[PDB]
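Participant: target-v1.cif is reproduced in full below (mmCIF, C-alpha atoms and all ligand atoms).
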```
data_upload
#
loop_
_atom_site.label_atom_id
_atom_site.label_comp_id
_atom_site.auth_asym_id
_atom_site.auth_seq_id
_atom_site.Cartn_x
_atom_site.Cartn_y
_atom_site.Cartn_z
CA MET Y 1 -100.13 63.40 165.15
CA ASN Y 2 -98.62 63.97 161.68
CA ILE Y 3 -99.34 63.12 157.99
CA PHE Y 4 -97.93 59.59 158.37
CA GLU Y 5 -100.03 58.72 161.46
CA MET Y 6 -103.04 60.45 159.88
CA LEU Y 7 -102.92 58.46 156.65
CA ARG Y 8 -102.15 55.27 158.62
CA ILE Y 9 -105.47 55.77 160.44
CA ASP Y 10 -107.39 56.59 157.23
CA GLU Y 11 -105.88 53.86 155.03
CA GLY Y 12 -105.16 51.04 157.50
CA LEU Y 13 -102.42 48.45 157.01
CA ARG Y 14 -102.89 45.19 155.08
CA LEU Y 15 -99.98 43.02 153.92
CA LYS Y 16 -101.88 41.07 151.24
CA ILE Y 17 -103.49 42.42 148.06
CA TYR Y 18 -106.96 43.79 148.82
CA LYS Y 19 -109.55 45.95 147.04
CA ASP Y 20 -109.85 49.60 148.07
CA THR Y 21 -113.12 51.52 148.56
CA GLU Y 22 -113.52 51.82 144.77
CA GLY Y 23 -112.86 48.10 144.17
CA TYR Y 24 -109.26 48.56 142.98
CA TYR Y 25 -106.37 46.26 143.87
CA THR Y 26 -104.30 47.84 146.62
CA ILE Y 27 -101.70 46.80 149.21
CA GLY Y 28 -100.03 48.08 152.41
CA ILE Y 29 -101.12 51.52 153.57
CA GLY Y 30 -103.46 52.37 150.68
CA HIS Y 31 -100.91 51.74 147.92
CA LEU Y 32 -103.01 51.56 144.76
CA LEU Y 33 -101.59 48.93 142.42
CA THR Y 34 -103.87 49.23 139.39
CA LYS Y 35 -107.41 50.07 138.28
CA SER Y 36 -107.39 46.87 136.20
CA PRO Y 37 -109.78 44.05 137.24
CA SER Y 38 -106.94 41.56 136.60
CA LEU Y 39 -105.35 40.20 139.80
CA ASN Y 40 -102.34 39.10 137.74
CA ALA Y 41 -101.86 42.69 136.55
CA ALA Y 42 -102.00 43.86 140.18
CA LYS Y 43 -99.43 41.25 141.24
CA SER Y 44 -97.17 42.42 138.41
CA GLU Y 45 -97.44 46.06 139.58
CA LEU Y 46 -96.66 44.91 143.12
CA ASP Y 47 -93.54 42.96 142.08
CA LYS Y 48 -92.35 46.01 140.08
CA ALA Y 49 -92.95 48.32 143.08
CA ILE Y 50 -91.12 46.08 145.59
CA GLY Y 51 -88.37 44.74 143.31
CA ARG Y 52 -89.02 41.03 143.92
CA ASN Y 53 -91.44 38.22 143.10
CA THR Y 54 -93.95 38.68 145.94
CA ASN Y 55 -97.02 36.67 144.86
CA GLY Y 56 -99.32 39.19 146.54
CA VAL Y 57 -97.83 39.36 150.06
CA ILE Y 58 -95.39 41.93 151.49
CA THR Y 59 -93.78 42.64 154.88
CA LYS Y 60 -94.59 45.59 157.19
CA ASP Y 61 -91.20 47.14 156.33
CA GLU Y 62 -92.01 46.91 152.63
CA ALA Y 63 -95.49 48.40 153.16
CA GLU Y 64 -93.93 51.30 155.09
CA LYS Y 65 -91.34 51.83 152.35
CA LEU Y 66 -94.06 52.20 149.68
CA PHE Y 67 -96.04 54.41 152.10
CA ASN Y 68 -93.11 56.83 152.52
CA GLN Y 69 -92.66 56.96 148.74
CA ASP Y 70 -96.38 57.60 148.24
CA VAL Y 71 -96.49 60.44 150.80
CA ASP Y 72 -93.42 61.97 149.13
CA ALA Y 73 -95.08 61.60 145.72
CA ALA Y 74 -98.26 63.35 146.96
CA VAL Y 75 -96.30 66.34 148.32
CA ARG Y 76 -94.16 66.52 145.18
CA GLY Y 77 -97.35 66.40 143.07
CA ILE Y 78 -98.90 69.33 144.95
CA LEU Y 79 -95.71 71.40 144.56
CA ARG Y 80 -95.52 70.74 140.79
CA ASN Y 81 -99.18 71.61 140.24
CA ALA Y 82 -99.86 75.26 139.35
CA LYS Y 83 -103.33 75.24 140.94
CA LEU Y 84 -102.43 73.34 144.11
CA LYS Y 85 -99.06 74.83 145.08
CA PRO Y 86 -100.21 78.40 145.93
CA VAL Y 87 -103.06 77.05 148.08
CA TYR Y 88 -100.76 74.57 149.84
CA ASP Y 89 -98.11 77.27 150.42
CA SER Y 90 -100.80 79.48 151.97
CA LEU Y 91 -101.69 76.85 154.61
CA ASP Y 92 -100.35 76.09 158.09
CA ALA Y 93 -98.70 72.67 158.67
CA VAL Y 94 -101.83 70.95 160.08
CA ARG Y 95 -103.98 71.97 157.10
CA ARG Y 96 -101.09 71.02 154.78
CA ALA Y 97 -101.46 67.46 156.12
CA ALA Y 98 -105.17 67.54 155.19
CA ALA Y 99 -104.13 68.64 151.66
CA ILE Y 100 -101.64 65.77 151.33
CA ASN Y 101 -104.32 63.36 152.61
CA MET Y 102 -106.73 64.43 149.81
CA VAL Y 103 -104.07 64.06 147.09
CA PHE Y 104 -103.00 60.70 148.52
CA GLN Y 105 -106.61 59.46 148.17
CA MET Y 106 -107.81 60.98 144.88
CA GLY Y 107 -104.69 62.16 143.03
CA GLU Y 108 -103.47 65.58 141.89
CA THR Y 109 -105.95 65.94 139.00
CA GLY Y 110 -108.98 65.03 141.14
CA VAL Y 111 -108.07 67.56 143.85
CA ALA Y 112 -107.13 70.32 141.38
CA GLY Y 113 -110.81 70.26 140.25
CA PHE Y 114 -111.98 71.33 143.73
CA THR Y 115 -111.50 74.90 142.37
CA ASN Y 116 -114.06 76.64 144.57
CA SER Y 117 -112.99 74.80 147.74
CA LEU Y 118 -109.34 75.65 146.98
CA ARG Y 119 -110.16 79.36 146.63
CA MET Y 120 -112.01 79.35 149.97
CA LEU Y 121 -109.07 77.55 151.61
CA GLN Y 122 -106.59 80.17 150.32
CA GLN Y 123 -109.00 82.89 151.53
CA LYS Y 124 -109.04 81.16 154.95
CA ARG Y 125 -112.85 81.00 154.90
CA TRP Y 126 -112.71 77.78 156.86
CA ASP Y 127 -116.42 77.15 157.52
CA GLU Y 128 -117.32 78.00 153.90
CA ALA Y 129 -114.47 75.81 152.61
CA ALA Y 130 -115.70 72.97 154.84
CA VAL Y 131 -119.28 73.26 153.52
CA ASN Y 132 -118.04 73.31 149.91
CA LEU Y 133 -115.66 70.33 150.33
CA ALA Y 134 -118.59 68.15 151.50
CA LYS Y 135 -120.53 68.84 148.29
CA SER Y 136 -118.60 66.12 146.50
CA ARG Y 137 -118.56 62.54 145.29
CA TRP Y 138 -115.60 62.24 147.69
CA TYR Y 139 -117.68 63.06 150.79
CA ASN Y 140 -120.65 60.94 149.66
CA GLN Y 141 -118.56 57.83 148.93
CA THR Y 142 -116.21 58.13 151.93
CA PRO Y 143 -118.10 60.31 154.44
CA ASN Y 144 -116.33 59.33 157.70
CA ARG Y 145 -112.84 59.83 156.22
CA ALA Y 146 -113.88 63.04 154.39
CA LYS Y 147 -115.44 64.36 157.61
CA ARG Y 148 -112.09 63.89 159.43
CA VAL Y 149 -110.12 65.60 156.63
CA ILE Y 150 -112.68 68.43 156.40
CA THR Y 151 -112.63 68.94 160.21
CA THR Y 152 -108.85 69.27 159.91
CA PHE Y 153 -109.26 71.96 157.20
CA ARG Y 154 -111.99 73.71 159.21
CA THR Y 155 -110.16 73.84 162.58
CA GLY Y 156 -106.43 73.54 161.84
CA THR Y 157 -106.32 71.03 164.71
CA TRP Y 158 -105.86 67.25 164.96
CA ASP Y 159 -109.16 66.90 166.89
CA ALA Y 160 -110.69 64.48 164.34
CA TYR Y 161 -107.73 62.06 164.82
CA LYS Y 162 -106.60 62.76 168.42
CA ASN Y 163 -108.84 60.00 169.82
CA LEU Y 164 -108.34 57.23 167.23
CL CL Y 201 -103.21 37.77 146.04
#
```
What is this file in C-alpha cells?

Facilitator:
Amino acid sequence: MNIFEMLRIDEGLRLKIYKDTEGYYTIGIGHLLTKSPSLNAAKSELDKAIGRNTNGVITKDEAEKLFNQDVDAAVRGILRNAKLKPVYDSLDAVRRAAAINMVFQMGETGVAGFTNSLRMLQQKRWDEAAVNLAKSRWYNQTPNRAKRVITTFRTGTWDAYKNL
C-alpha cells in the first residue's frame, strides 16, 4: 500500500466526465474539473488539462498522468502551507499518506481549518485526534472514506485498506 493505491481505492477510476460526491464535474481518479454546473465549462477544463480536444473522454494513461500531478500538487500544497507543513513533517510516512489523502479531497484551505485535529496529530494523541476528525462535515458527508483515513491516522497502519 502507498498514497497512489490508497487514493485509487478512495477515488475510483472513471474515464468519462462524472459528478463527484458534491455534484461537481470530475474525471479520472478524482480529478476535479470545475465547480461550475456547466458541462461545457468542465469539458473546457478537461481539454486544457490534457492538452487536446477530448470531448469528455480520456484514456487510462491520461487519467494516471493527471492523478500523478494531483498527488504532487497536494504534497506541494501541504509543504507551502504554514499550518500544515509542521504537522506533516511531524508524522511518519503512513500518516503522511492520510494527510495527503485529506488535502487531495478537500484542498489545502479546508484541511488547514482542522486546527484542533492538527494540534492533536502533532501531539501524537491518536485516539483524541481520531475523535476530533470525525466531528466534521467531511465525516458526515463521506463517512466510509473518512473512517478509512481516520483509522490510518489513529493506527499508523494500512489496516483500513489492506483488504480492499
Ligand atoms: Cl461528457

Participant: First collect every listed atom of segment 119-127 of chain Y; then fit an axis-aligned box around them, widen it by 6 Å on each side, and give centre and edge lengths in Å to one decimal, as AutoDock Vina command-line options.

Facilitator:
```
--center_x -111.5 --center_y 80.0 --center_z 152.1 --size_x 21.8 --size_y 17.7 --size_z 22.9
```

Participant: Hey, could you make a per-residue contact list for chain Y against ligand CL 201 (chain Y) with 9 Å as the cut-off, showing the nearest pair of atoms and its distance in Å to one decimal, counting only C-alpha atoms and all ligand atoms, sorted by chain and number, as CSV?

Facilitator:
```
residue,atom,partner,partner_atom,distance
Y:16,CA,Y:CL201,CL,6.3
Y:17,CA,Y:CL201,CL,5.1
Y:18,CA,Y:CL201,CL,7.6
Y:39,CA,Y:CL201,CL,7.0
Y:40,CA,Y:CL201,CL,8.5
Y:42,CA,Y:CL201,CL,8.5
Y:43,CA,Y:CL201,CL,7.0
Y:55,CA,Y:CL201,CL,6.4
Y:56,CA,Y:CL201,CL,4.2
Y:57,CA,Y:CL201,CL,6.9
```

Participant: Within 12 Å of (-95.2, 63.0, 146.4), only C-alpha atoms: residues as a list in words?

Facilitator: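 Within 12 Å of (-95.2, 63.0, 146.4), the protein and nucleic acid residues are residues 66, 67, 68, 69, 70, 71, 72, 73, 74, 75, 76, 77, 78, 79, 80, 81, 99, 100, 101, 103, 104, 107 and 108 of chain Y.
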
Participant: Would you work out the distance separating atom CA of residue 60 of chain Y from atom CA of residue 15 of chain Y, expressed in Å to one decimal?

Facilitator: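 One can read the atom CA of residue 60 of chain Y to atom CA of residue 15 of chain Y distance as 6.8 Å.
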
Participant: For the atom pair atom CA of residue 102 of chain Y and atom CA of residue 48 of chain Y, what is the interatomic distance in Å to one decimal place?

Facilitator: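 It comes out at 25.3 Å.
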
Participant: Extract, using all atoms listed in the file, all DNA, RNA and protein residues at most 7 Å from residue 10 of chain Y, discarding same-chain residues fewer than 3 positions from it, and format them as a list in words.

Facilitator: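 So the residues in contact are residues 6, 7 and 145 of chain Y.
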
Participant: Could you please determine the separation between atom CA of residue 35 of chain Y and atom CA of residue 23 of chain Y in Å, to one decimal place?

Facilitator: 8.3 Å

Participant: Which is closer to residue 58 of chain Y than all the others in Y:29, Y:106, Y:131, Y:98, using all atoms listed in the file?

Facilitator: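 The answer is Y:29, which sits nearest to residue 58 of chain Y.
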
Participant: Would you mind listing what lies within 8 Å of residue 92 of chain Y as a list in words, with only C-alpha atoms counted and same-chain residues fewer than 3 positions away left out?

Facilitator: residues 95, 96 and 156 of chain Y

Participant: Could you give me, as an MDAnalysis selection string, the residues within 10 Å of residue 59 of chain Y, counting all atoms listed in the file and dropping anything in the same chain fewer than 3 positions from it?

Facilitator: chainID Y and resid 14:16 28 54 62:65

Participant: Can you list, as a list in words, every protein, DNA or RNA residue that comes within 9 Å of residue 91 of chain Y when you count all atoms listed in the file, leaving out same-chain residues fewer than 5 positions away?

Facilitator: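 Everything that qualifies: residues 86, 96, 121, 122 and 124 of chain Y.
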
Participant: Taking into account all atoms listed in the file, which residue in the set Y:162, Y:85, Y:147, Y:154 is nearest to residue 111 of chain Y?

Facilitator: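 The shortest atom-to-atom distance to residue 111 of chain Y comes from Y:85.
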
Participant: Of the candidates Y:160, Y:50, Y:146, Y:82, which shows the shortest atom-to-atom distance to residue 105 of chain Y, using all atoms listed in the file?

Facilitator: Y:146

Participant: Near residue 19 of chain Y, counting all atoms listed in the file, which residues have an atom at most 12 Å away, once you skip same-chain residues fewer than 5 positions from it, shown as a ChimeraX atom specification?

Facilitator: /Y:11,14,24-28,30-39,42
